[PDB]
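Student: Before we start, here is the structure in question, set down as structure tokens.
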Amino acid sequence: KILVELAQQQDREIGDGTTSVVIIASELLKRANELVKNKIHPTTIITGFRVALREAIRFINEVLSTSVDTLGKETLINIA
Amino acid sequence: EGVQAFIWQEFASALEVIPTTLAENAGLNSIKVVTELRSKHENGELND
Amino acid sequence: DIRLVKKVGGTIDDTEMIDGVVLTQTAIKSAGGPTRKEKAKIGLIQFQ
């Protein structure tokens, strides 16, 4: 039920993604199950995601392509 | 001494489960921590 | 005396202390917009 409530808060901040983006929350638990079933406690696994998510915003900023130097409405048309 | 001798030693060692529980969730050996503390409390001197 | 107000949306990092009284409810907002009012007195009406 927590994953269902994600679409409520996502539509407030973003406004879309229920047809596409919301799927990303599914597979996050797929590979997180195989790790907790052997040795490593979920704390080290989650803190490993915290240190990765902290730098993941900067990793996106490296591949980030700003919107500028485009002819006409091609940007707004492609986003549409 | 007296009858309270061994009783107070068990009550003093009853609090040893608090650092032992913290070592289980952190992936640390219980004796490895306790063996050091016996040396630490005679060396580390409290605040360590 | 410490008041806690809940608001849906945003992040916990943006949570900060407010310099004025915050209420959960508000006006019906049917056909008035008093809104931002400079130099206004805050009264309390118990009677209906």
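Student: Please report, ordered by residue number, the helices (runs of 4 or more DSSP H) entirely within chain B with at least 3 residues that are in contact (Cβ under 8 Å) with a residue 12 or more places away in the chain.
Tutor: So the answer is B:30-40.
Student: Quick check on my filter: what residues within the range C:7-48 are small (G, A, S) and within 14 Å of another protein chain (Cβ to nearest Cβ)? Talk me through it step by step, then tell me what you get.
Tutor: Pass one, the range C:7-48, residues small (G, A, S): C:9-10, C:20, C:27, C:30-33, C:40, C:43.
Those that are small (G, A, S) and within 14 Å of another protein chain (Cβ to nearest Cβ): C:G9, C:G10.
Student: Just the residues that are surrounded by 11 or more Cβ atoms within 10 Å (Cβ to Cβ) and part of a helix (DSSP H, G or I), please, taken from the range A:60-78. Break it down stepwise before answering.
Tutor: Of the residues in the range A:60-78, the ones surrounded by 11 or more Cβ atoms within 10 Å (Cβ to Cβ) are A:70, A:75.
The one that is surrounded by 11 or more Cβ atoms within 10 Å (Cβ to Cβ) and part of a helix (DSSP H, G or I): A:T75.
Student: May I pose another question? Note down all Cβ pairs under 6 Å where the first residue falls in the range A:40-53 and is free of Cβ contacts under 8 Å to residues at least 24 places away in the same chain, the second is not aromatic (F, W, Y), and they're at least six residues apart or on different chains.
Tutor: Correct list of pairs: A:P42/A:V36; A:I45/A:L35.
Student: Then there's this: In the range A:38-80, which residue that is within 14 Å of chain B (Cβ to nearest Cβ) and hydroxyl-bearing (S, T, Y) is farthest from B:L28 (Cα to Cα)?
Tutor: Here the residue is A:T47.
Student: Take the range A:25-37 and flag every residue that is exposed (fewer than 11 other Cβ atoms within 10 Å of the Cβ) and either part of a helix (DSSP H, G or I) or within 14 Å of chain C (Cβ to nearest Cβ) (or both). Please lay out each step first, then the result.
Tutor: Filtering the range A:25-37 for residues exposed (fewer than 11 other Cβ atoms within 10 Å of the Cβ) gives A:26-31, A:33-34, A:37.
Correct list: A:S26, A:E27, A:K30, A:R31, A:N33, A:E34.
Student: Exactly one condition in (1) surrounded by 10 or more Cβ atoms within 10 Å (Cβ to Cβ); (2) among the hydroxyl-bearing types (S, T, Y); (3) more than 25 Å from C:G10 (Cα to Cα) is not met by A:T18; state its number.
Tutor: Single failed check for A:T18: (3).
Student: If I filter the range A:7-24 down to residues being over 13 Å from C:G9 (Cβ atoms) and not hydroxyl-bearing (S, T, Y), which single residue comes out as farthest from the other protein chains (Cβ to nearest Cβ)? Show your work before the answer.
Tutor: Of the residues in the range A:7-24, the ones over 13 Å from C:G9 (Cβ atoms) are A:7, A:16-24.
Those still in the list that are not hydroxyl-bearing (S, T, Y) too: A:7, A:16-17, A:21-24.
Values: A:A7: 14, A:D16: 16, A:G17: 16, A:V21: 18, A:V22: 17, A:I23: 22, A:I24: 19 Å.
Only one residue fits best here, namely A:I23.
Student: Can I ask one more? If you take the residues in the range C:10-33 that are within 13 Å of the chain's Cα centre (by Cα) and among the hydrophobic types (A, V, I, L, M, F, W, C), which one is farthest from A:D11 (Cα to Cα)? Spell out the reasoning first.
Tutor: Looking only at the range C:10-33, we keep the residues that are within 13 Å of the chain's Cα centre (by Cα), and these are C:18-27.
Filter again for among the hydrophobic types (A, V, I, L, M, F, W, C), leaving C:18, C:21-23, C:27.
On the way: C:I18: 27, C:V21: 29, C:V22: 26, C:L23: 25, C:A27: 26 Å.
Among those that are within 13 Å of the chain's Cα centre (by Cα) and among the hydrophobic types (A, V, I, L, M, F, W, C), it is C:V21.
Student: Looking at this structure, is A:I40 assigned to a loop (DSSP other than H, G, I, E, B) and surrounded by 10 or more Cβ atoms within 10 Å (Cβ to Cβ)? Reasoning before the result, please.
Tutor: Values: assigned to a loop (DSSP other than H, G, I, E, B): yes; surrounded by 10 or more Cβ atoms within 10 Å (Cβ to Cβ): yes.
For A:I40, the condition - assigned to a loop (DSSP other than H, G, I, E, B) and surrounded by 10 or more Cβ atoms within 10 Å (Cβ to Cβ) - is met.
Any read-out appearing in this document is the output of simple, stated calculations on the displayed coordinates, not a laboratory observation. We place every Cβ from the backbone using ideal geometry, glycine too, and count neighbours over all the protein chains shown.
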